[PDB]
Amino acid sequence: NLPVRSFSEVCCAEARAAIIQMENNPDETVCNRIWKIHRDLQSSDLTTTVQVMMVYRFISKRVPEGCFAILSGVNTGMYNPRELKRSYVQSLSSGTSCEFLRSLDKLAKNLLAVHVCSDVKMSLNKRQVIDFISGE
């Protein structure tokens, strides 16, 4: 009975224009262009780009082309993404991702998102994507 908010209602302001555009016109070609623009913009920082990426992944149901490139400005060798993602998968299965995501700092969350989006077999529902982006 609880409405699902839109992604554009919960994302950060900087990601909002891109997310509106993808939600309004979920054509694969259009969404791929929007993703590729924000991927490449140094002017959208990591968290902003990750929210655009998460919504692209959800709407397109495709791996976002080249998404690992958005980690070019950060050192990520101090975490273990394979382990983070296995834990995240578990939390999704038990309905506790919101609480689990509290255990990650900002970089860990963003790193996790890139790894999640690169995996064509993960299929978050809208609420789980909303959990992720509103948790940032």
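Residue positions are given as counts along the sequence shown, with the first one as 1.
Stretches 25-33 and 60-68 differ in mean CA B factor, with 25-33 having the higher one. Remark: stretch with higher mean C-alpha B factor among 82-90 and 102-110 is 102-110. Per the deposited record, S44 carries the highest C-alpha B-factor of all listed residues (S44, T76, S97, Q51). Among the modelled residues of its chain, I130 has a C-alpha B-factor that falls in the middle third according to the deposited record.
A15: CA B factor in the middle third of modelled residues in this chain (values from the PDB entry).
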